[PDB]
Each structure stands twice: as C-alpha cells, then as structure tokens.
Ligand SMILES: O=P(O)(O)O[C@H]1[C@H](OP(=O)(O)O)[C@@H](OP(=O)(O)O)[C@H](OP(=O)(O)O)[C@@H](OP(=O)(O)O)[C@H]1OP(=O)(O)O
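In structure tokens, the next block holds one chain alone, the form solved without the named molecule.
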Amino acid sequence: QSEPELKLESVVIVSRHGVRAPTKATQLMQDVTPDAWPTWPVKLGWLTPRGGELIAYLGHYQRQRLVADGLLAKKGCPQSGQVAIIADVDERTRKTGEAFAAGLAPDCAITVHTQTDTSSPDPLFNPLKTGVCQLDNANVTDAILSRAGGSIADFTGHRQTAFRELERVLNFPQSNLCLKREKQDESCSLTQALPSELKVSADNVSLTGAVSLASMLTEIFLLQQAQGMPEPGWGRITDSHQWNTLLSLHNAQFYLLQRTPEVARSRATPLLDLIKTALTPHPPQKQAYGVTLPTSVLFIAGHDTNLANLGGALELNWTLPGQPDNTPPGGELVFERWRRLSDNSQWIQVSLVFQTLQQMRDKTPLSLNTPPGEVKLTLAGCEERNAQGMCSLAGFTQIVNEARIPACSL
C-alpha cells in the first residue's frame, strides 16, 4: 500500500475565542436603529456555553484528525507535556482554551496556562498595548490611507452598497439618529451622519464613525446567527449574499487596521516568535507560561485581530467558503511541521480551519466524516516549496525573521 511520504511532527494552532455576547451596548448602537437589540445569556464579551460547545467540537475534530495523522494516541489522555494550551487573560480566551481541551481530551483536565497577572494585559497578544514597542505614527498613517485608496472617504464611497444594506437591516431611516437629524435637507446616511476618521497613536490605531460601528454591528449579527438566536438582525437577513455584504464591512476594517503591515508586523511579533520557536525542532524548553516547547501540539487562544495580524505579517490571504467573517469565532490558523521521510527534511504548512456559519448555527458536531471548513494557505513570499506546496523550515524561518519587529519581541 502507498505509504505517506510526509510525517506530521508538530502542530501550532492560533485560535480565536468562540462565540461571545457583544462587547458593548452603547447609546450610539441604539440610536441607529428603532428596534431593540436582543439580549444575551452571558455578560458582555463573555463566551456563551454554545460558543464553548462549538469550540469543543473543533477540539473533538482535531483529536480525531491528529490521531489519523499519528501525532496523538487514539486512547487515553495525551502524555505529559505533549499538549500545551495557552490563552490570553480574557474570560472568553481562557474558556476557549478549556472548551478545546475538553473536546480534545475529555476528562483529562489539560491545563490552560495564561500570564500570571490576569488583571494586566498580556503582551504576547499585543505588544503595543503594554508598551513593549510603538507604532511609527506618520508611517502608519500613510500606509493605512494608502491602502484605503488615499482617503477613508473614497474607501467608504466604494462600499455604500454594503452600508445601505446595513441601514436596511437597522431600519436606519426610522432611527433616532436619522429622525433627530438637523440637516434633514438630505437623505439619511450612516457614513454621512458618522464621518470616519483615522486615529493613530504610539500604541493604537482606530477608525471612528460608521466604519467601526458598521464593523462591530455586522459582527454582532453574525454572533446572533452563530448563537442560534431566533431572528438575527430582526429577521431582515434572509440570504448568503446579504450575509457577505454585511460582513464585508467587518473584513474591510480589519484589512485597514489589522492587516496593514505597518501595524501587523509589530502587533504579531510576540506570536510570530512563539510560533517559530514551537515549530523549530529543539529540546523541551520554555518561552514563557511554564510550558515546555517544543512539544507535539500547542493551542493558543487569542482574537481575530491576531489572526489578521499574522495573516498580514506572513502575507497570507484567504476567504472562507460558507463563512462571511474571515476571522470567525473559533477560527484556527494552523501551522504544521511535516518531515519528509525520504530525506528527513522539514516543511511547514499553514491552513485556516473554521466552522461555516451554518455549522455554527446548526451547532453541527464535527468529525472526520463531517469536518469543519478548511483552506490550505500559501506563504506568498516563500520560494523553496515541496510537492505539497509547503514551505521549507528554512524558508519559513526566513519569512518570520524578516517580518517580525525585534523591538517588539518579548
């Protein structure tokens, strides 16, 4: 029988937390719609039990997947120091680490390690926020505007179709913001009512106005859908074309703020370093958290921003069939190191594993027979590839070494 020419020796998964309740409930959010936003079963920004289940499903699937690839045993708890789970200090990331462990190795109680001080932010997930390093204001301002086509105005102008679709779902025309409009000489418009400005600081970048509101609102509609709520968007979202149109406003903000190299490289350095060191063969040592690397499987519970920063820094681009959000809840950036049996050469493969919006909505259990969506990624700047199109260890290491910003390493 034909035998595999490659052998999986290491897996590093950077995952976004699972489905959570919206992070905010502001006055603006209520003024752009005459309707009442549905309530959630958990606290704002917290993981919902359903979100935990969905993550557990992926954990269940990865276990079956890894067993078939021979990296994890089919029975029993993984051997000590074989599986490592790290998570940002947030409740939602911590719980995602627990949901994955429970799904990967039920009743095994794998430890979810986090930074010791959980009341302070973890630089691993954003070195800017803690001051490890800073953004070049002028340079970042120029790069974002450049990618925006010169101005945020031209940027939004090109997405008015998506913006009017959002207004339709919000019944924005009968909203307070619209009704108490002073300049009613003109038609109600989200981009007009809320001009979007680019704000760049040493430790942060943001978009004010309709761009960020739209990006948040559309994500909330997706969350309702994934959460299984009766009628996401008050029942005004009836087809896949509408889902994509709405979410495009979300992916668009991430394109500008999280994918832009001038922000991405810096923001992803700590993770880039952890990933490379975890994938590079070495004797069981550390990098932080009281966890030994290298190992066999490393699961990192983070955020969508991290997935986008890594994509931008590694020059990885993707679209997920059946999933309008490019960095969906539970979404996994999978890094694997395979060894070519023929000559013992090392190769790295990158994928994006995720549950389609329907698999979330229907809470469909995952397995080898019913796997989650998956897209094999190609490192744009990698020259030395193998038959399967994987990048060589050396090639990948070169890519990581040039993308990272040393001043931002931990």
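Numbers follow the displayed sequence, beginning with 1.
Not on display, but discussed next: the form deposited with the named molecule bound.
The listed set 252, 216, 237, 132 contains one residue whose heavy atoms approach the named molecule in the entry with it bound to within 4.5 Å, identified as 216.
This chain is displayed alone, yet in the entry with it bound one of 167, 90, 98, 332 has a heavy atom within 4.5 Å of the named molecule; that residue is 90.
Contact annotation for residue 304: at least one heavy atom lies within 4.5 Å of the named molecule in the entry with it bound.
Mapping the unseen interface onto this chain, residue 23 counts among the residues with a heavy atom inside 4.5 Å of the named molecule in the entry with it bound.
The candidate stretches are 268 to 276, 90 to 98, 167 to 175, 284 to 292, and the one lying within 4.5 Å of the named molecule in the entry with it bound by heavy atoms is 90 to 98.
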